[PDB]
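Next comes upload_14.tsv, with TSV, N, CA and C atoms and all ligand atoms.
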```tsv
chain	number	residue	atom	x	y	z
A	129	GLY	N	12.35	201.91	-96.51
A	129	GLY	CA	11.89	202.05	-95.14
A	129	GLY	C	11.93	200.73	-94.38
A	130	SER	N	12.72	200.68	-93.32
A	130	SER	CA	12.84	199.47	-92.51
A	130	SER	C	11.78	199.44	-91.41
A	131	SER	N	11.38	198.24	-91.02
A	131	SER	CA	10.37	198.08	-89.98
A	131	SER	C	10.63	196.81	-89.16
A	132	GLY	N	11.72	196.83	-88.39
A	132	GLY	CA	12.06	195.68	-87.58
A	132	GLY	C	13.22	195.96	-86.64
A	133	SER	N	13.05	195.62	-85.37
A	133	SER	CA	14.10	195.85	-84.37
A	133	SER	C	15.04	194.65	-84.30
A	134	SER	N	16.21	194.86	-83.70
A	134	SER	CA	17.20	193.81	-83.56
A	134	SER	C	17.29	193.32	-82.12
A	135	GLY	N	17.29	192.00	-81.94
A	135	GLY	CA	17.36	191.44	-80.60
A	135	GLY	C	18.75	190.92	-80.28
A	136	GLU	N	19.00	190.66	-79.00
A	136	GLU	CA	20.29	190.16	-78.55
A	136	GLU	C	20.28	188.64	-78.45
A	137	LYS	N	21.47	188.05	-78.38
A	137	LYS	CA	21.60	186.60	-78.28
A	137	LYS	C	22.17	186.19	-76.93
A	138	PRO	N	21.89	184.95	-76.51
A	138	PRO	CA	22.37	184.41	-75.23
A	138	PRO	C	23.88	184.18	-75.23
A	139	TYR	N	24.48	184.21	-76.42
A	139	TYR	CA	25.92	184.00	-76.55
A	139	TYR	C	26.55	185.09	-77.41
A	140	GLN	N	27.81	185.40	-77.12
A	140	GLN	CA	28.53	186.43	-77.86
A	140	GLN	C	30.03	186.19	-77.81
A	141	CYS	N	30.66	186.17	-78.98
A	141	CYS	CA	32.10	185.95	-79.07
A	141	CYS	C	32.87	187.12	-78.48
A	142	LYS	N	33.92	186.82	-77.72
A	142	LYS	CA	34.74	187.85	-77.10
A	142	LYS	C	36.06	188.01	-77.84
A	143	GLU	N	36.05	187.68	-79.13
A	143	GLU	CA	37.25	187.80	-79.95
A	143	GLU	C	37.02	188.74	-81.13
A	144	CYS	N	35.80	188.73	-81.65
A	144	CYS	CA	35.44	189.58	-82.78
A	144	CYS	C	34.17	190.37	-82.49
A	145	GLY	N	33.23	189.73	-81.81
A	145	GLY	CA	31.97	190.39	-81.48
A	145	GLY	C	30.77	189.67	-82.07
A	146	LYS	N	30.96	188.42	-82.45
A	146	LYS	CA	29.88	187.62	-83.03
A	146	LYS	C	28.87	187.22	-81.97
A	147	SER	N	27.79	186.57	-82.40
A	147	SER	CA	26.75	186.13	-81.48
A	147	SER	C	26.03	184.90	-82.03
A	148	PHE	N	25.80	183.92	-81.16
A	148	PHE	CA	25.12	182.69	-81.56
A	148	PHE	C	23.96	182.38	-80.62
A	149	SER	N	23.08	181.49	-81.05
A	149	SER	CA	21.92	181.11	-80.26
A	149	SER	C	22.05	179.68	-79.74
A	150	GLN	N	23.29	179.19	-79.69
A	150	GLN	CA	23.55	177.84	-79.22
A	150	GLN	C	24.94	177.74	-78.60
A	151	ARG	N	25.00	177.24	-77.37
A	151	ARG	CA	26.27	177.09	-76.66
A	151	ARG	C	27.28	176.33	-77.51
A	152	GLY	N	26.79	175.32	-78.24
A	152	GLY	CA	27.66	174.53	-79.08
A	152	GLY	C	28.12	175.28	-80.32
A	153	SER	N	27.21	176.05	-80.91
A	153	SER	CA	27.52	176.82	-82.11
A	153	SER	C	28.63	177.83	-81.84
A	154	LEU	N	28.47	178.59	-80.76
A	154	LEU	CA	29.47	179.59	-80.39
A	154	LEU	C	30.85	178.97	-80.25
A	155	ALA	N	30.92	177.86	-79.51
A	155	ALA	CA	32.18	177.17	-79.30
A	155	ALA	C	32.89	176.89	-80.62
A	156	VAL	N	32.14	176.34	-81.58
A	156	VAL	CA	32.70	176.03	-82.89
A	156	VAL	C	33.32	177.27	-83.53
A	157	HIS	N	32.79	178.43	-83.18
A	157	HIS	CA	33.30	179.69	-83.72
A	157	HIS	C	34.40	180.26	-82.84
A	158	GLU	N	34.48	179.76	-81.61
A	158	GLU	CA	35.50	180.22	-80.66
A	158	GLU	C	36.75	179.36	-80.75
A	159	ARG	N	36.63	178.22	-81.42
A	159	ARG	CA	37.76	177.30	-81.57
A	159	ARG	C	38.42	177.48	-82.93
A	160	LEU	N	37.61	177.71	-83.95
A	160	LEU	CA	38.12	177.89	-85.31
A	160	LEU	C	38.87	179.22	-85.43
A	161	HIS	N	38.70	180.08	-84.43
A	161	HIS	CA	39.35	181.38	-84.43
A	161	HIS	C	40.86	181.23	-84.63
A	162	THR	N	41.41	180.13	-84.13
A	162	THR	CA	42.84	179.87	-84.25
A	162	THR	C	43.16	179.21	-85.59
A	163	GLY	N	44.35	179.51	-86.11
A	163	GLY	CA	44.76	178.93	-87.38
A	163	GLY	C	44.84	179.97	-88.49
A	164	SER	N	44.17	179.69	-89.60
A	164	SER	CA	44.16	180.60	-90.74
A	164	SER	C	42.77	181.17	-90.97
A	165	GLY	N	41.99	181.28	-89.90
A	165	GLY	CA	40.65	181.82	-90.00
A	165	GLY	C	40.26	182.66	-88.80
A	166	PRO	N	40.89	183.84	-88.68
A	166	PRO	CA	40.62	184.76	-87.57
A	166	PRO	C	39.24	185.39	-87.66
A	167	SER	N	38.64	185.32	-88.84
A	167	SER	CA	37.31	185.89	-89.06
A	167	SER	C	36.78	185.51	-90.44
A	168	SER	N	37.44	186.01	-91.48
A	168	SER	CA	37.04	185.74	-92.85
A	168	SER	C	38.11	184.92	-93.58
A	169	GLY	N	39.37	185.21	-93.27
A	169	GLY	CA	40.47	184.50	-93.90
A	169	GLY	C	40.39	184.55	-95.42
A	201	ZN	ZN	34.60	185.42	-83.07
```

Rewrite the structure of this file - the entire thing - as structure tokens.
Ligand SMILES: [Zn+2]
Amino acid sequence: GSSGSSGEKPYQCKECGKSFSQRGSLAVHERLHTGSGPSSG
């Protein structure tokens, strides 16, 4: 039995659907998207 709701974040990736709580954190995930790491690689 679960007892906890899920909240939204101020940031959200528009490439996969991720979400971060830091403008800088998101960027790091929006830049690494290119190359050999589209998500999990
Ligand atoms: Zn992403």

Can you pull out the residues contacting region 148-155 of chain A? Cut-off 7 Å, using only N, CA and C atoms, and skip same-chain residues under 5 positions away; I want them as a compact mmCIF listing (two decimals) with N, CA and C atoms, keeping the file's coordinate frame.
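Generated output (part-v8.txt):
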```
# COMPACT_ATOMS: atom_id res chain seq x y z
N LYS A 137 21.47 188.05 -78.38
CA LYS A 137 21.60 186.60 -78.28
C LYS A 137 22.17 186.19 -76.93
N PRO A 138 21.89 184.95 -76.51
CA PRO A 138 22.37 184.41 -75.23
C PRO A 138 23.88 184.18 -75.23
N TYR A 139 24.48 184.21 -76.42
CA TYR A 139 25.92 184.00 -76.55
C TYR A 139 26.55 185.09 -77.41
N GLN A 140 27.81 185.40 -77.12
CA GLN A 140 28.53 186.43 -77.86
C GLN A 140 30.03 186.19 -77.81
N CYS A 141 30.66 186.17 -78.98
CA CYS A 141 32.10 185.95 -79.07
C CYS A 141 32.87 187.12 -78.48
N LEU A 160 37.61 177.71 -83.95
CA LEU A 160 38.12 177.89 -85.31
C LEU A 160 38.87 179.22 -85.43
```

Practice prompt. Step by step, measure atom-to-atom distances between ligand ZN 201 (chain A) and each residue using all atoms listed in the file, keep those at most 6 Å, then write them as a ChimeraX atom specification.
Written response: /A:141-146,157-158

Resulting file, chosen residues, N, CA and C atoms, as a short mmCIF file (atom, residue, chain, number, x, y, z; two decimals), in the coordinates of the input:
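Once written, out.cif looks like this:
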```cif
data_model
loop_
_atom_site.label_atom_id
_atom_site.label_comp_id
_atom_site.auth_asym_id
_atom_site.auth_seq_id
_atom_site.Cartn_x
_atom_site.Cartn_y
_atom_site.Cartn_z
N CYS A 141 30.66 186.17 -78.98
CA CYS A 141 32.10 185.95 -79.07
C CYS A 141 32.87 187.12 -78.48
N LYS A 142 33.92 186.82 -77.72
CA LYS A 142 34.74 187.85 -77.10
C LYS A 142 36.06 188.01 -77.84
N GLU A 143 36.05 187.68 -79.13
CA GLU A 143 37.25 187.80 -79.95
C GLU A 143 37.02 188.74 -81.13
N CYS A 144 35.80 188.73 -81.65
CA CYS A 144 35.44 189.58 -82.78
C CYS A 144 34.17 190.37 -82.49
N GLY A 145 33.23 189.73 -81.81
CA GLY A 145 31.97 190.39 -81.48
C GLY A 145 30.77 189.67 -82.07
N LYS A 146 30.96 188.42 -82.45
CA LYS A 146 29.88 187.62 -83.03
C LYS A 146 28.87 187.22 -81.97
N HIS A 157 32.79 178.43 -83.18
CA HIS A 157 33.30 179.69 -83.72
C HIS A 157 34.40 180.26 -82.84
N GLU A 158 34.48 179.76 -81.61
CA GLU A 158 35.50 180.22 -80.66
C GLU A 158 36.75 179.36 -80.75
#
```

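Here atom N of residue 135 (chain A) is placed at a distance of 11.8 Å from atom N of residue 147 (chain A).
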
So that all listed atoms of region 148-156 of chain A fit with 6 Å spare on each side, what axis-aligned box centre and edge lengths in Å, to one decimal, would you give as AutoDock Vina command-line options?
```
--center_x 27.6 --center_y 179.2 --center_z -80.1 --size_x 23.4 --size_y 21.4 --size_z 18.9
```

Practice prompt. Taking the chain letters and numbering used in this document, name the residues of chain A that DSSP puts in helix (DSSP H, G or I), as a ChimeraX atom specification.
Written response: /A:151-159

Worksheet, complete the sentence: The distance between CA of residue 156 (chain A) and CA of residue 133 (chain A) is 27.2 Å

Worksheet item: Could you work out how far atom C of residue 134 (chain A) lies from atom N of residue 159 (chain A), giving the answer in Å with one decimal?
Response: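 It comes out at 24.5 Å.
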